[PDB]
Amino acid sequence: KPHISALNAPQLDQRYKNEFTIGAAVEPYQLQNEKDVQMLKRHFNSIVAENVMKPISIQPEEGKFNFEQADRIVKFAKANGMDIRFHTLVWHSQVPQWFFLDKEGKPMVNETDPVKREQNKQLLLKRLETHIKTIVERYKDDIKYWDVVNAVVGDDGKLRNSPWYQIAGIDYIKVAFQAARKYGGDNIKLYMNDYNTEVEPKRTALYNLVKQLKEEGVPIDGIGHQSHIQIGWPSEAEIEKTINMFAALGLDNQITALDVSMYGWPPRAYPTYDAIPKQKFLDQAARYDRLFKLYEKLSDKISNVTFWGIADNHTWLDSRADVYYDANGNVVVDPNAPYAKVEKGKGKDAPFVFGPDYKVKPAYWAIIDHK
């Protein structure tokens, strides 16, 4: 099982073509990198924007729509027969602040008068509607899958108390889905996307929320499991229990941002790829082996498995890879060991089945086989 160039290795999407599509998250600049273009053409049949389709990238100022970057990803996908997932219509992260300012330019979260709070809610929902409308009216014939809302359940099992929720209550979620369905029609598929979907109390809160919304006729077709996981956690048994319970509600499941970190939480990362011991890649390959065997076992309930990146030279996990140093200046990776300082976001994670030099990893062989 050689570390051969991925560029000519057996195609990952083809291995799984009857089980679910295989996707990658990208930045438009990658569509200008020969290696990345050949990787997308060779191994993937589904794509998503790491960042350029988020709210702040699309409408940074009210009335100013920037579709130029998103368009590049849509054109490439269409020219290569790839499905597209839209990430994401609504999120509390880096949301353009203008959405949440009242007519006088003051934060709506601050309004204490009940009648002005009601007016802000209505103004906010109107803005939400127009953002969704403009985007879905442009892409309804091109993008099949949609993360309508992202991370709306808090890790405490209560609804995340973002400005969307403080200002508009639960209706912002119902409004977002109804608007996507109204302007995109019945053929686009609508998802509620979140991370740590396997973890209690968040899992049961998500389940109850979607069950309720569907009972009320809110159009929700599936759940997106970001799946930012570790080599050990969460267990395959809990992933399975999660996929199954949402599937029992009549919902499709898509793995939307998979990455298998080499670290725990908080991560104590190595400073370079070179420093990661070979054994960690073997541990990761066994995790990937078990994980995809499970996705295959549940393939009639999962329509897509998308990795949050292409190869290990580029992954958002690096922004979380903190490097701890002892007083002698040696790197510390044991979570319980002494350390003197930490360099936040300066280390290197290695989450995919393709290495930084675009050669296949042991995890690739573990999932391209049939054992």
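Numbering starts at 1 and follows the sequence shown.
As listed in the deposited structure, the average C-alpha B-factor of 86 to 94 and of 288 to 296 is greater for 86 to 94.
Comparing 50 to 58 with 331 to 339, the higher mean C-alpha B-factor in the PDB entry belongs to 331 to 339. The entry lists C-alpha B-factors for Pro271, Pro234, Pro163, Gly224, and the highest of these is at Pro163. Of the candidates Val74, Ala257, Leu190, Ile170, the one whose C-alpha carries the top B factor in the deposited record is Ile170. Sort the chain's modelled residues by C-alpha temperature factor and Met262 lands in the lowest third, per the entry.
Compared with the other modelled residues of the chain, the Cα B-factor recorded for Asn208 ranks in the highest third. Per the PDB record, residue ranking by Cα B-factor puts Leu282 in the middle third of the chain. Ranked against the other modelled residues of its chain, the C-alpha B-factor of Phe177 as given in the entry falls in the middle third. Among all modelled residues in its chain, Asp36 ranks in the middle third by Cα B-factor.
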